[PDB]
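This document opens with one chain alone, in structure tokens, the form deposited in one PDB entry.
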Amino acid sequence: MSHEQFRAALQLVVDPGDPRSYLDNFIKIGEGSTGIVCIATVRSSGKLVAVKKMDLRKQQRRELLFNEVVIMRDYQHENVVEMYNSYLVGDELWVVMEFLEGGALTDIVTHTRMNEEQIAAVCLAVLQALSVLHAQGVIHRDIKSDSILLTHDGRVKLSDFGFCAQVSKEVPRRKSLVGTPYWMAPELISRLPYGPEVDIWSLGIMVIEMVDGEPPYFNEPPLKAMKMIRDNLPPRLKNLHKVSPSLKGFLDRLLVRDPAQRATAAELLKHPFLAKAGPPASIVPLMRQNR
């Protein structure tokens, strides 16, 4: 999708006008791969929202950015980040979304050591989001700690649907090589027709992140790690004994090369390990401003 097609397509789906007519005090607080993030106040309520600003020109695979707004608009799930509106301002796409104070899960996995109560909490939240998404034919395709955001009270939400896809009876499988190298499913790296199961394998890699602090082969070049995930046996935990038999069995249902034998999200929700999931409050102590 080209710069012109991207803008033309967006004009048909975005909300009309400029959000500056109702949002005040824009302050940049960060960035992402496709743009920046500002916080702003809803003039009428004083409520805080996050605004993602993305240049229409300086982008890659704009079609995926377009699907992210089309597919995820009107989407509502307690474990999925909320999108309120979208607008075209100048040569930029502005997406007004929910502001989550807890930050991403990556900050936590690289600065502390989560316990099985915390991990099961994140897994349960992500799995609740995936079971609903997959049932509707939506595949996230970029599951990793960076894509998990936390609320101030410790609630877990799936974010960054920039690589998502929608499969249907018409087209039941995808073949695009998308995501982040270290978290990509083997059948996906292999360019084979794949389905929702790719998210389950990625989640498995995210579990290794929560346990060891990084995904497998993180010390290897991205293309090299991909070959190893694609051709070698499932990656293993360095701290294999640091986990309970419950978590080992859980992880063994995610990291299965043959997607047909890999567990689905709906099934995993019934897995024993998740019974150890603590409450939202158990996650709070992990956050930076609380460490």
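Rigid core: the largest C-alpha set superposing within 1.5 Å between the two forms. In case it trips you up, residue 1 is the first one in the sequence shown, and so on.
Not pictured, yet referred to below: the form deposited with a partner chain bound.
- Within this chain, residue 146 lines the site of its partner chain in the entry with it bound, having a heavy atom no more than 4.5 Å away.
- Among residues of the shown chain, residue 219 is one whose heavy atoms approach its partner chain to within 4.5 Å in the entry with it bound.
- Although the partner is absent here, residue 87 sits far enough away that none of its heavy atoms falls within 4.5 Å of its partner chain in the entry with it bound.
- In the entry with it bound, at least one heavy atom of residue 177 sits within 4.5 Å of a heavy atom of its partner chain.
- Just one of 236, 248, 43, 61 comes within 4.5 Å of its partner chain in the entry with it bound, counting any heavy atom, and that one is 61.
- With the partner removed from view, the residue among 200, 184, 210, 95 that has a non-hydrogen atom within 4.5 Å of its partner chain in the entry with it bound turns out to be 184.
- Using a 4.5 angstroms heavy atom cutoff to its partner chain in the entry with it bound, all of 106, 163 and 214 count as contacting.
- The stretch that touches its partner chain in the entry with it bound, counting heavy atoms within 4.5 Å, is 219 to 227, out of 240 to 248, 219 to 227, 43 to 51, 253 to 261.
- In the overlay on the core between this form and the one not shown, a shift of 2 Å or more in CA position is seen for a single residue of 28, 248, 242, 236, which is 28.
- The Cα shift for residue 261 between this form and the one not shown, taken after rigid core superposition, is smaller than 2 angstroms.
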